Each structure stands twice: as C-alpha cells, then as structure tokens.
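Novice: just coords:
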C-alpha cells in the first residue's frame, strides 16, 4: 500500500443564524 | 423510567475508521483564527479532487507527520 497519512475531516457543522 | 445501561454501540476493535478518517494527501496552505484555533488547507484523498478544505489541527491528530513537515518547511 502507499505509505500515507490520514486525518478526521470534520464532516458536519451548522452555522447558528436565524 | 426504565433502568438500562449503555451497550457497546461503538466498536472497541481497531480496523476501519474511514467513516471518521479521510486521507491526507498533503497540506496546501494554513491559517489561524483569532479565537485560537489553527487550520490548514488539507487535500483529502479518497474523496473528490475538489473536496479540499480547511480543517483545524485538532482533526490532524494522525497527520502530524505531514502537517509538521509543512510547518517545518513553511511557517
């Protein structure tokens, strides 16, 4: 396999507005 | 009320955590907020080529190698 790095990625969020 | 305890709903075994981990191809740029959060322009592999976005260092807990490599070469 290719030696590479991975991380989370914050997949999700909400902007608090009205 | 009913008296029940939690279940092992989360796996304790190590394996495929892709659901919460995407590939880090490399860092493209960086930024810091005024609030005290540092962020980097990550090219996530495994996803679409145009998916790259800024993510906090906080999610880069595994990508310390590549990130610190970036920060070593670029301030």
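Specialist: Looks like it arrived, so ask away. Numbering: from 1, shown residues only, chains lettered A, B, ... in the order given.
Novice: ok, now which ones touch residue B:71?
Specialist: Neighbour list for residue B:71: residue B:30 [criterion: C-beta atoms under 8 Å, 6 or more residues apart in numbering or on different chains]. Every C-beta, even on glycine, is put in place using the N, C-alpha and C of the backbone.
Novice: helix/strand/coil for it?
Specialist: For residue B:71, the assignment made with DSSP: H, G, I helix; E, B strand; the rest coil gives helix.
Novice: Can you pull up the most central residue in the chain?
Specialist: All of this is about chain A. For chain A, the residue nearest the mean C-alpha position is residue A:9 (1.4 Å; C-alpha atoms, centre = their mean).
Novice: my question was about chain B
Specialist: Geometric middle of chain B (C-alpha atoms, centre = their mean) lands on residue B:59, at 3.1 Å.
Novice: Now that one. Its backbone dihedrals?
Specialist: phi -90, psi -10 (degrees, to the nearest 10).
Novice: Quick check, it in contact with residue A:10.
Specialist: Yes: in this structure, residue B:59 is within contact of residue A:10 by C-beta atoms under 8 Å, at 5.5 Å.
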